[PDB]
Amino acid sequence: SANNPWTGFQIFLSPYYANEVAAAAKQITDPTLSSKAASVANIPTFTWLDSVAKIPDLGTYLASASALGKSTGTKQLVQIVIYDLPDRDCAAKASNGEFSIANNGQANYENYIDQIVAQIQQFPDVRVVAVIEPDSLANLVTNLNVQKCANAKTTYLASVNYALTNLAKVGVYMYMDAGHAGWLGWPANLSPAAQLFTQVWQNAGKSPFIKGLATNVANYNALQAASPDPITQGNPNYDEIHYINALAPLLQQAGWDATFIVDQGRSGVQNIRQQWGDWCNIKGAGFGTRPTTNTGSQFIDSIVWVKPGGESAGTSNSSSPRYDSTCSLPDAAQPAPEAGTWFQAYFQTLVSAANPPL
């Protein structure tokens, strides 16, 4: 499109990830690998607003970015993920997230959005790009047979609508999460997905700030695979570029000339999964293509690193109350610590296996 949110802006580097990376790199004993690892702190990532507790951090990042821009003559851009739906991650094998539909979820989520808007409102010289609710709307395409998802459907739609509608009022550029090629990219899932995303876009007023969709968030697919990963058999859309090429025209027909961003943060190593749906701490993953607006496609505004690599996605301990058995599969790195905590060995392999090399 004419207006790529990233062009002309300097991406604010997460200091939280930078601190995690610095602490991680000093523990890497091989000096050559340690230096490569340290350099990861210079690669832009998205900040996940996974709870209300993260909102004060957002405020600090907006204010810091504003000052860095003035000190360097640049216009700054802060990258965030909105990730706090009630009954979050409805198809996952364990509940997570501070809000529940049964305890005033809608009002509490609205207040979470309101607090985010109240921060963003104060820093108009900083641009914000937001990924809207990973692991939400895609479940409403393929997973309505999952009772928790069926029961969450109206809340997910209302809450995502509230986020889109209110973040647009402060000029946030938004990409709704849209799963990945092995989820919504199956040819038979394209049209139901397009229908859902278009209805969501319509309900939020077709705001021009709703730029399009984010794909492969927190996943491992290739953008453009050299050859199809065996996990993809049966799906002609075996990588993200095939998925995006197939979905984009369906959105265009609705009057939404949508554009896309694609996570490649953990896509450096292909052919590492037994089944396509295996999502947790996949062993042997490497950092992938660095963020860039040189995307190879009319439809793609940026390759991005949405999920920061090194933070565990779930414990492998089957005794944890938060245990999801996906995290103990033969292709999951084990032992793995609780979700959100640093996973040092996984990070070191992400660095070692980076492609292109760090």
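Start at 1 and count along the sequence shown; that's the residue number.
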Practice prompt. Compare the mean C-alpha B-factor of 246-254 with that of 129-137 as given in the PDB entry, and name the stretch with the higher value.
Written response: 246-254
Response to the item:
Higher avg CA temperature factor (336-344 vs 20-28, as deposited) belongs to 336-344
Fill in: Peak C-alpha temperature factor (PDB record), options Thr47, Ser318, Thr292, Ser64
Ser318
Worksheet entry | Selection from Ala222, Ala194, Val172, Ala150 [criterion: highest C-alpha temperature factor in the record] | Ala150
Worksheet item: Split the chain's modelled residues into thirds by Cα B-factor; is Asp301 in the lowest, middle or highest one?
Response: lowest
Response to the item:
By the entry's values, the third containing the CA B factor of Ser34 is the highest
Discussion item. Where does the C-alpha B-factor of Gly105 rank in its chain, lowest, middle or highest third?
Written reply: middle
Response to the item:
Binned into thirds over the chain's modelled residues, the C-alpha B-factor of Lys93 lands in the highest
Response to the item:
Of the three thirds of the chain ranked by Cα temperature factor, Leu329 occupies the highest
